[PDB]
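Only one chain is given next, in structure tokens, and it is the form deposited in one PDB entry.
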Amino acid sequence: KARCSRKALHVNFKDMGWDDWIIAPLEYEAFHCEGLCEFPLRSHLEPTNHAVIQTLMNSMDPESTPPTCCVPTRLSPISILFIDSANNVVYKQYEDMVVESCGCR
């Protein structure tokens, strides 16, 4: 079981039933964040003070305090061409579509 890390996550819009409104792209690489969050956190990644304290408490007693969680801490956009609710054709940059870094929070 690895420490918190960015990992593959392929998104297929047709698989998700979004081919009836998304024209392009039909797939993209989104990534996801998963893995152990335990003392020591990767300190060069600047975890929040809260997460440092919570990780210390979870190391003190993992039966009393739960661990922090591996999540996206930076994300980036992709552009999508799609048909909106009103049948306009739209090319739009969707924010926060792709994980760029993971971290324990």
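Sequential numbering from 1, following the sequence displayed. We call the rigid core whatever largest set of C-alpha positions still superposes within 1.5 Å between the two forms.
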Completion exercise
Avg C-alpha B-factor, entry values, 23-31 vs 48-56, higher side is 23-31
Practice task
Decide which of the stretches 38-46 and 59-67 has the higher mean C-alpha B-factor, going by the entry.
Solution key: 38-46
Practice task
Grab the CA temperature factor for residue 2 from the record and place it in the lowest, middle or highest third of its chain.
Solution key: highest
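In what follows, reference is made to the form deposited in another entry, a form of this protein that is not presented.
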Completion exercise
Of 69, 75, 26, 45, the residue whose C-alpha shifts by 2 Å or more between the shown form and the other one, after superposition on the rigid core, is 45
